[PDB]
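Each chain is listed here by its residues.
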Amino acid sequence: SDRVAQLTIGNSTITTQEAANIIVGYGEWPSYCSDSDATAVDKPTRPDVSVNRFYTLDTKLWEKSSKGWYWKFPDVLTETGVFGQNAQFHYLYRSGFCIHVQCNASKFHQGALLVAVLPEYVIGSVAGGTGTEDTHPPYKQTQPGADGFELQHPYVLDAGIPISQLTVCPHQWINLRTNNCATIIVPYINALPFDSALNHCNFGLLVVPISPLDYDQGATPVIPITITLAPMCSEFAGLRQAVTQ
Amino acid sequence: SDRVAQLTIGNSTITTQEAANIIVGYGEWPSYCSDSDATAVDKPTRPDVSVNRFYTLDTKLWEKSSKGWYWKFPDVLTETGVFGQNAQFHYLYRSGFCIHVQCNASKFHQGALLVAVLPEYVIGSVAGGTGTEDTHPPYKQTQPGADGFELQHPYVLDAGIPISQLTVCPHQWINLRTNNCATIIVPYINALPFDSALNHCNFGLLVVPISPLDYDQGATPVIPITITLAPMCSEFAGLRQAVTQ
Amino acid sequence: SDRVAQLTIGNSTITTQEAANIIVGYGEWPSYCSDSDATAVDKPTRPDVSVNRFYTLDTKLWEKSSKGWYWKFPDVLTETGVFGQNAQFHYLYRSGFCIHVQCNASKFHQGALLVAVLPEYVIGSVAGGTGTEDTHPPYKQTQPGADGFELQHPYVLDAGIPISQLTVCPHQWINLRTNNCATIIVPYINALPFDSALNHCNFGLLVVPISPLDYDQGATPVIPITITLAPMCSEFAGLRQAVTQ
Amino acid sequence: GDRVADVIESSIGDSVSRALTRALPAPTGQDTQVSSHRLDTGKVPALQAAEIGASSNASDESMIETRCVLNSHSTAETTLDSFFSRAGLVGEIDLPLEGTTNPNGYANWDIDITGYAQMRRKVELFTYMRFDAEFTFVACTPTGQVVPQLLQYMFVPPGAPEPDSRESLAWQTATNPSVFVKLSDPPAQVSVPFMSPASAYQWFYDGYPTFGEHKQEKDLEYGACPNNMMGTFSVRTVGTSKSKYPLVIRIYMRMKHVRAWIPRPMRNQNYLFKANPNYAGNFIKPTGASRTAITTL
Amino acid sequence: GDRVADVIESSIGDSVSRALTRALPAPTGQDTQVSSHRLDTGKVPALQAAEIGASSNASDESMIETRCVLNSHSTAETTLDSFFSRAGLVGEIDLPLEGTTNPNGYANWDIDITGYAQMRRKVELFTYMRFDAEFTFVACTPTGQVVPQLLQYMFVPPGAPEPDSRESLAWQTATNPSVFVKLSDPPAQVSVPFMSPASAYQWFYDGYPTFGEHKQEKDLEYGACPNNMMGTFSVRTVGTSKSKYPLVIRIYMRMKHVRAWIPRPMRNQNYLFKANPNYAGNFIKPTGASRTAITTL
Amino acid sequence: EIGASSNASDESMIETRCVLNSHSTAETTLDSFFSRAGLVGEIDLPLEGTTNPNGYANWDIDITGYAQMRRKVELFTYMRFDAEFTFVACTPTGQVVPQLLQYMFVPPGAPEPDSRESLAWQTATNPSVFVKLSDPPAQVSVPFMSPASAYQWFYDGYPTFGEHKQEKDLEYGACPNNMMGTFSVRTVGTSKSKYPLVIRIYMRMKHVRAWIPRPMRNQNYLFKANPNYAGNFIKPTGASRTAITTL
Amino acid sequence: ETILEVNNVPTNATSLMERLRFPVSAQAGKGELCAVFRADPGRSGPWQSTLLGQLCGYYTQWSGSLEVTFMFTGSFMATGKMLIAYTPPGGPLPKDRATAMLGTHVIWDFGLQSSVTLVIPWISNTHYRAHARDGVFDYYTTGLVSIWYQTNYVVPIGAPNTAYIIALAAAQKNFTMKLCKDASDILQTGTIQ
């Protein structure tokens, strides 16, 4: 009975009492991050629990002709909030996460969603769509902002990625039999210890409806899905002034 | 031998080894601030040592015809830096201080300065200078910024304040016999426990040259005086979003 | 408090009581020199303390347009005094040293000198200056005598020696903040055990003003710098008659 | 568990306002006596210089000696904090039968120490204060005699509406008790405790007591707070028997339960409004008169 | 001292990557056997369903029973990680005497696994890797015979300038050792360790390996890093005796010291440049061919 | 230098941080392993030529071969090391031809051959190496036979007895007898080669032991260990800019 | 101890006698900039002029930073008030005292002691970077150091208004430097035969 959460900030909040349980990861111990291998030797700090709390970032709708969506991690909150300014003026970042997506369906509604968190994913961009003519994709698809971006082809994930072979990542189902909300757990993984928040892209989410949305005419056409995230025990290194360069 | 300081941030710093000693205050014990008497009952936090460090705010010159200057506390850093944004978006503030003013004179130079820290001082503004005609002082004397403001009459301090009766506050002398730099110690005092950083003004510094600057022609005409401050163990209450209202 | 010296010979002498301290070398033990590896097997002797005492050799001036000077070691005293005759008629020499250079500046004066002792230094001679035309340097630059010789180019040391990369040798500063006189410590080092005093040159001093001499017009233009040396516990081998060949 | 020790640098032991210095109490103290000239070391605290407390490396009194004085004065009851009140004129008001300054028949005055700066400035030498107060209203004739009329006193607690007529609702003042006094009874004598909204009365205070952005419109609230104050007092004649003589009152002021802080030095200039930092700059005069020479008068 | 306990909430015991969960080791384990049908409780682990591992409140197998199977297979040496290499064509290059593609007489090729995607894509199924490599250069005639000529191999370490002439300074390569080989000796066989600047080779990586703001000008560095790479290899003929026969080389590739991570699934499309996510969208075809019906072929 | 705090505080305003280490320094030494790729040099023995009218080539063995890469090693003065000489033979065109070649060594002190039939070929005290063009190319180790404790390059002296005059000045660097000898190459036997040949000389150093650090040289010589420099065209060790703030 | 001369801007032979200079004059004394210089010591120029820098110029990788200081040569009454400040990479050119405020460093003052020990810790997240070639890839900033005046170059009457000194730097145990590259610049018109 450890599927509880105490959350209250701003003016509203969301907590659960009899939700769809949780998913455990790696069966492991708590720890901080490696400190005695950086370029410099200065002592680290610990920002603690100053600002880490949940604000929803988008309530994505699900419709009859949903084609797929995703996000860029951690580009979602790198530009907004005191966390945004801290990430902008600070070079090194690391923290854990507890992803909680709210996904409810009514008695009338039937269907399921294909929500897959894909780490380390080199993003499959539009790249001109065809890509045979050298017209480079503009910046309006590299830094979309809080809106995310629309993925082109589901069963190849814009990169040749056949759908049935996505099973490697933590796989989740959205069904009124299964869950009133889904939980995703991911720690901090990178092939290199230290990097900037503007050059390197870690990964992003992915959502493609595994089942088409259907309902007899007379019901709600779209289904909103809410997402929020708050990193737990966040620590930032490369402490410096408010200087981008 | 506890007149030491370890300071390094940005690109430059200032520390002393054989300075003009220190001034002790009240012969007291360390402590946090009262917590069980606020309007709300939520638990407090502790920002710790995240950003508290010294950057100089101005290097004030001393000249032949110096008439006097001062500052507004804590209006000096309420608008600039991550401390500035924190103070803007946070309602309650409290911390200790260690004022260190750098004031050197050469072999050629003779003279002294009258630097007095005056707490709780209701500011004696220009108020039209004469004040007999109702032309209210503009905002260009309420929020001067990082430049401070120029005091009108020394021996009345713009409020009727005769000079010889300033002895109540910690009194300091600037002389090559006395000090290569001066130290001032002041804790947090207010007649009320909680207030905003934009409505209420706590106090400010005051500088009026006790002795006129003099030198035989052929030497430097002006004398720079440097000031920096960094609050120790700062704690902010009224934690909220980046919302002014 | 072992920075003392008892010196009295001839008619004048120089000792210090509150000088600029001393520089230690190699953290080592006293010892004589290797005896069981020479060409012959005859027993050695010990001249002891017969004549080792300080006479100044030159009081070098420092001026507005100083370009640099140096000396040849141990050519400075190889030709004068009873030590001179002993070195002339004796083939092998070895002793320790305690270099004490007197360098004072007044209240008016500002500046510094670049005095570097450079062991094993193959001398960078004039060699015709240009050196492209085969006109060999005369003997008036191989055996200058008690006057020393003038070095041509400071920042290459007449051999391509960039200045900032002289740091290898014991480095000293001449400043009224730093020293009223400088101390240099060097033992006897040679790549070969035994050599003559006329064929091989061990090393020499080097002086180039690190800072140009400056003063407001009306003060002394030149600054004298005094140098003396007296080898401690000198021992000479190859004992023979007064025969050069 | 207990593995990292990053936070242990703290200094638990909270006593007083925030600082970082430390001291320690001692059980007992030290004493000193007096002696004469002698060249000795070890124990010689006989004389005391407030700053130095010793002799410099250049002798101060090598030529002559000193003397001694004995004490016969007591300082037990020399404190002034509460007993410093003495004689002095205070002030008066009038309620005539026919007049123009009082077209309504009643007088409502805002209660405050800002009555008359002449003697209030003596008490206004401080800023933060906690004290008890006393109001005395003595009634007589404008000529200076006594007449048997029918008068009574109604109190106006803060927050009540200010009466605009002789028949206002403010006369009921349900939560205000009643005092049984009459002209035959001794004149008014009412105690006033400390009901400041803050810890002390605000005079030397730079702020904005009203919410919202500060503009030129909202500047009059300096000193004259419409609601933060402790109320006013209204005086009239109640009953069918209306007085046939005009009357005058004298108001007497006294302070008890002294507790002060924040020393603020003396003022040698004049104001023009309540707590107005404005001064007669064109006619500034020093706190004392000087002379062409100090040697002779 | 020790008064406040705000920070003591920490969980010292650092073991692995950041998280908040906790577990615990156990000394020994558990076992299970097989049995037949019986209605009993307490101990009944006989059958195992990977997810449920029990029986629902609606019976699954109430009508019939099951059977048993025995094992006779070994799995000790079935691992493929390093031994998965088998036969397959790899590639070749040519150094003719007279030609237009080689107007200089020497061939400098950039060393990488990006040689020929046909078989590299089999190894390119992963992203983060640590392995050893082997390069074999076998020399022969273009016709397929053998001729006694004079050849030798010079290595180009990374960071050295790329030769632009037959007499470049790059031939001295002071820090590069020398291998004593000749056409009589067996063909080239050189080991290549793991000198990646990072922990693994970067192919599926979205970033900017060059400092400064990212613009359209600086986009070609995807895959082809001018300096981050492990160098190239230059081949020519050294000496006064110049060869009178054209020659050809075949390049053989082999991998050792396997250590992999980050599984990445199979690709059914084609690229156009190195690590180019672009695909033939107008002609997308599924990974397998389907049929009009599944029942019959 | 100080290791304490002055009587005027240095860091009274802000605090510092900490850094952790994850790097190893066990095998980072360069003393012997600092050798990498680099072009070294070659020589030629043609059949018909004018630079070699005798048919044999005798070259004085030394590190003074080509200052380009030797100056990298010449950064020191007093040294004890092992050396290796590799002679690889091929055609001037770049091919291989089955000829008959062999290598004769010239120990120091032996007379320098002045003919194809000199007595120096007997070299009684010199052993023989069994090598042929079929065998792998030359690979000969050279130990440290310096007459002194180290090789003399930065040395001001007179290695010849007698009074020093203008006549005896050429011995700077080129010592006729103090050196470790030369090497002579020719073709022995009745079967004379019908192809011209070329050799490449490869250099490598082992058993490093050094002293006496001597800093870097930014100028050029004109003879062996010649302190003379192009004074009329002196240029700093690095290029500067009109301002340091911006490139 | 390694002598470092930063602003040897002049490029003339007659200036090759006085390269020690850094600008001191009748300054405005209002926080105006004296000199700035980026943190990287491994780039060609007067930076590799130092022996530490000369060795770093042959290397590709680097782990850590250096330690620096600067001397002073004023007279007894002569003094000054300068500003020594470092900024880690991530920002444009500094503007004024506020930028120094953003940068953590140690406040410096000319008192009796002349030396000013500025230690730059191991500020390096990555030990190596993606392989590319030279071009417009200057986006990879490395940091900066800024020098400032506060009051003026202050001396009494009768004292010359010039005092210029050279800097000093060295390396600590934390920094490591290897992966040697071959020679890039060496001058030889002829080779020894």
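Residues numbered from 1 in each chain as written, not as in the entry; some residues may be left out. Chains lettered and ligands numbered in written order. Part of a larger assembly, values for the part shown. Heavy atoms only, no water.

Judging from the entry metadata, cryo-EM is the method by which this structure was determined, and 7.4 Å is the reported resolution.

As recorded in the PDB entry, chain F goes by VP1 and comes from Human enterovirus 71.

With the PDB entry as reference, chain D is termed VP1, source organism Human enterovirus 71.

1. Concerning the overall build of chain D
Put simply, the test is: Helix numbers and strand numbers start at the N terminus; a helix is a DSSP run of H or I with at least 4 residues, a strand a run of E with at least 2. For the radius of gyration, the atom set is restricted to C-alpha positions; the globular benchmark scales as 2.2 Å times the number of residues to the power 0.38. Partly exposed describes any residue whose relative accessible area lies between the buried limit of under 20% and the exposed limit of over 50%, with all areas from a 1.4 Å probe on protein chains only and scaled to the type maximum. We call two residues contacting when some pair of their heavy atoms lies within 4.5 Å. Just so you know, the count uses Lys and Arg for positive and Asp and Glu for negative, and it drops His and the chain ends. Think of each charge as sitting on NZ of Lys, CZ of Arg, CG of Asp or CD of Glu.
Scanning chain D for helices and strands turns up one helix and seven strands. Counting from the amino terminus, helix and strand elements in chain D follow one another as β-β-α-β-β-β-β-β. Taken against the 2.2 N^0.38 rule, which gives 19 Å for 297 residues, the C-alpha radius of gyration of chain D at 30 Å runs more than 25% over that of a compact globule. For chain D, the residues scored as buried account for 21% of the 297 residues in total. Once local pairs closer than 6 in sequence are excluded, the contacts in chain D between residues at least 24 apart make up 83%. Computed over 27 positive and 29 negative side-chain charges, the separation of the two mean positions in chain D equals 6 Å.

2. What to know about the interface of chain F and chain A
To keep things clear, this is the line we draw: Put simply, buried area is the surface a 1.4 Å probe can reach on two separate parts but cannot reach once they are joined, added for both. Here a salt bridge means any side-chain nitrogen of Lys or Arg lying within 4 Å of a carboxyl oxygen belonging to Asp or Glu. Here a polar contact is taken to be a pair of N or O atoms separated by no more than 3.5 Å, where protein atoms must pair a possible hydrogen donor with a possible acceptor and residues adjacent in sequence count only if both atoms sit in side chains. Only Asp, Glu, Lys and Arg are considered charged in this grouping, and only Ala, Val, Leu, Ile, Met, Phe, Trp, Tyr, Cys and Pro are considered nonpolar; every other residue, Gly among them, is considered polar.
Facing the seven residues of chain F at the interface are 15 residues of chain A. Roughly 950 Å² is buried in total at the junction of chain F and chain A, and carbon and sulfur atoms are behind 55% of that figure. Of all residues in chain F, F:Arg17, F:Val19 and F:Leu20 bury the most surface against chain A, accounting for 72% of the area lost on that side. Linking chain F to chain A there are zero salt bridges. Taken together, the links from chain F to chain A amount to 15 residue pairs in polar contact. Residue classes in the side of chain F that touches chain A are distributed as three nonpolar, three polar and one charged.

3. Thoughts on the arrangement of the chains
Most contacts, compared over the 15 pairs of chains touching, are made between chains B and G. Separated in space, chain B and chain C share no contact, their closest pair of C-alpha atoms being 11 Å apart. With respect to C-alpha atoms, chain C approaches chain E no nearer than 25 Å, and the pair has no contact.

4. Points about the interface of chain B and chain G
Our working definition: Here, any two strands with at least 2 DSSP bridges between them count as paired.
Chain B puts 33 residues into the contact, and the matching count from chain G is 41 residues. The junction of chain B with chain G conceals about 2,700 Å² of combined surface from both sides, 64% of it contributed by carbon and sulfur atoms. The largest contributions to the chain B side of the interface with chain G come from B:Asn11, B:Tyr55 and B:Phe108, which together make up 27% of the buried area. Viewed at the interface, chain G and chain B are joined by zero salt bridges. The tally of links from chain B across to chain G stands at 33 residue pairs in polar contact. Taken together, the elements giving at least two residues each to the side of chain B that touches chain G come down to β1 (9-10), β2 (55-62) and β10 (223-229) of chain B. When grouped by side-chain class, the residues that make up the side of chain B that touches chain G number 13 nonpolar, 16 polar and four charged. Note: β1(B) against strand β5 (residues 104-105) of chain G, two bridges, orientation antiparallel.

5. Focus: the sheet that holds strand β3 (residues 69-70) of chain B
Picture the strands of a sheet paired through backbone hydrogen bonds; they go either parallel or antiparallel. All names here are of chain B. An order of β6-β9-β3-β7 is seen for the four strands of this open sheet, with the pairing classed as antiparallel. Looking along the sheet, the strands with just one partner apiece sit at the ends: β6 (114-118) and β7 (149-150). Note that β3 and β7 share two bridges and pair antiparallel. Residue pairing in the sheet places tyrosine 70 in a bridge with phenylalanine 149 of β7.

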